[PDB]
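One structure below.
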Amino acid sequence: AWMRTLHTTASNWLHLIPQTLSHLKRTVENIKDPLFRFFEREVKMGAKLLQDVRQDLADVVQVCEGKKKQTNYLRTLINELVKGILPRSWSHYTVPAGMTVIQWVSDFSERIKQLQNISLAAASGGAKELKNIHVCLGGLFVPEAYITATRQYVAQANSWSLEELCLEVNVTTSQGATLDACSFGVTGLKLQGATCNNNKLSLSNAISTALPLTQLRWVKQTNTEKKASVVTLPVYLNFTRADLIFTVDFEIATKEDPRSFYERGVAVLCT
C-alpha cells in the first residue's frame, strides 16, 4: 500500500537525481587559483553529499523491496520521508524553512547538474573555463564563498590588494558574455519589487522580475561619494530573507527616490 508508493517515488527520484558527481577537480598546477580552490571544495562537498544521498535512497528502495533489515538510522530516515519533512542528515547547505523533500531533491538535482557542467568545463580548459562559465548563484552551496573566491581571483590579477576591490554590477541581456577579465557572469538572481532598464532600477507593481546574466565586476575603489541615485539592495538566497550573501548598488531612475525603494522591500533573491 503506502510502502510500495514510497518505493515508486524513491525510484523516480533515483531516476531524476543524476549519478555520481565526477570529482575531476584535480590539478596541482591550478592550486594557486582561488576560483579552482573554491570550485574544488564545492565539487568535493557536492560529490560526498551525492554519494550519501544516493546510497541512502537506494537503501530505502531496496528495503522497500524487502530484502534487508533496517536499523535505527533507516527507521529515522523513512519516518522523515513519509511525512515529507527534509532528512536532517541530508542538510549540509542552507535550507529555506519548511520546503518538502520533493522540492529539496529537485533543487539538489539542479545543483548536481551545474556542478557536472563546472567539472566538465574544468576538465576541458581548467581555470579559464572556471571563470568564463555562467554559474548560477542560487544553486551554489555557499554563495558568499563564491563571491569571496571571485574577489580573490580578481585580486591575484594585477596583484591588487583584496580590500582595494569593490563590486559593481551591470545587467545584460541575450547572454552577451562580453567579459572584461574581471566580470563574472552569474544567473538566477530575482529582483523582488522593481525592474532593471539598462542597469537603471524602476519600481514596478509586478514583483520578482528575473535578471538575466547580472555581470559581477570588481574594480578599484576610488573612495568617492556615491551619488543620491544609488540604493544598497540586500541580496538574499531563499524566498525568506534570513541570509545576506552580499550587497548590490544599483542606479535608480531620475524620478525615483531611495526612500521608496527602502520602504517597498526591494531585495535581490537568488531563489
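For neighbour counting, all protein chains shown are included, and Cβ atoms are generated from backbone atoms with ideal geometry for every residue, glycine included. A short reminder: the numbers here are calculations on the coordinates, not readings from a lab.
Pull up region 251-265, narrow it to residues that are in contact (Cβ under 8 Å) with a residue 60 or more places away in the chain and surrounded by 13 or more Cβ atoms within 10 Å (Cβ to Cβ), then point me to the one that is nearest to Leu233 (Cα to Cα).
Within region 251-265, the subset in contact (Cβ under 8 Å) with a residue 60 or more places away in the chain is 261, 264-265.
Imposing the further condition that a residue be surrounded by 13 or more Cβ atoms within 10 Å (Cβ to Cβ) reduces the set to 261, 264.
Working: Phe261: 9, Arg264: 11 Å.
Selected residue: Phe261.
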All but one of (1) of a type in the set (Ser, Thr, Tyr); (2) part of a loop (DSSP other than H, G, I, E, B); (3) under 19 Å from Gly138 (Cβ atoms) hold for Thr247, so report the exception by its number.
(2)
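Name the one entry in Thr100, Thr76 that is among the hydroxyl-bearing types (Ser, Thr, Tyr) and surrounded by 13 or more Cβ atoms within 10 Å (Cβ to Cβ). Walk me through it before giving the result.
On the way: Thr100 fails: surrounded by 13 or more Cβ atoms within 10 Å (Cβ to Cβ).
The unique qualifying residue is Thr76.
Sort through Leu179, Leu140, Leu203, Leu191 and tell me the only one that's of a type outside the set (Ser, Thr, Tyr) and out of contact with any helix residue (DSSP H, G or I) (no Cβ under 9 Å at 6 or more places or on another chain).
Details: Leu179 fails: out of contact with any helix residue (DSSP H, G or I) (no Cβ under 9 Å at 6 or more places or on another chain); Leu140 fails: out of contact with any helix residue (DSSP H, G or I) (no Cβ under 9 Å at 6 or more places or on another chain); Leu203 fails: out of contact with any helix residue (DSSP H, G or I) (no Cβ under 9 Å at 6 or more places or on another chain).
Going through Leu179, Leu140, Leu203, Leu191 in turn, the sole match is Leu191.
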Residue pairs, Cβ under 9 Å, 6 or more apart or interchain, first in region 82-94 and among the aliphatic types (A, V, I, L, M), second part of a loop (DSSP other than H, G, I, E, B). List them.
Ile85/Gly98; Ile85/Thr100; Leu86/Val95; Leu86/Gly98; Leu86/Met99; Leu86/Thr100
Scan region 29-81 for residues that are charged (D, E, K, R), over 30 Å from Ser183 (Cβ atoms) and free of Cβ contacts under 8 Å to residues at least 40 places away in the same chain and jot them down.
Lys48, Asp52, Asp56, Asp59, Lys67, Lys68, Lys69, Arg75, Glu80
Subset of region 208-240 that is farther than 20 Å from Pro258 by Cβ and in contact with a helix residue (DSSP H, G or I) (Cβ under 7 Å, 6 or more places away or on another chain) - its residue that is surrounded by the most Cβ atoms within 10 Å (Cβ to Cβ)
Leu237
Would you pick out the residues in region 250-268 that are part of a loop (DSSP other than H, G, I, E, B) and within 30 Å of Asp107 (Cα to Cα)?
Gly265, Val266
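Whether any residue in region 167-176 is hydroxyl-bearing (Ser, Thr, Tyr), part of a loop (DSSP other than H, G, I, E, B) and in contact (Cβ under 8 Å) with a residue 40 or more places away in the chain is what I want to check. Show your work before the answer.
First, the residues of region 167-176 that are hydroxyl-bearing (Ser, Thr, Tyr): 172-174.
Now narrow it down to the ones that are part of a loop (DSSP other than H, G, I, E, B): 172-174.
Narrowing further to those that are in contact (Cβ under 8 Å) with a residue 40 or more places away in the chain: 172-173.
Checked region 167-176: at least one residue is hydroxyl-bearing (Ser, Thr, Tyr), part of a loop (DSSP other than H, G, I, E, B) and in contact (Cβ under 8 Å) with a residue 40 or more places away in the chain.
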Of the conditions (1) more than 24 Å from the chain's Cα centre (by Cα); (2) not in a helix (DSSP H, G or I), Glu80 satisfies every one except a single condition; which number is it?
(2)
Among (1) touching a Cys at 6+ places or on another chain (Cβ under 8 Å); (2) within 24 Å of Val142 (Cα to Cα) - the single one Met3 does not satisfy:
(2)
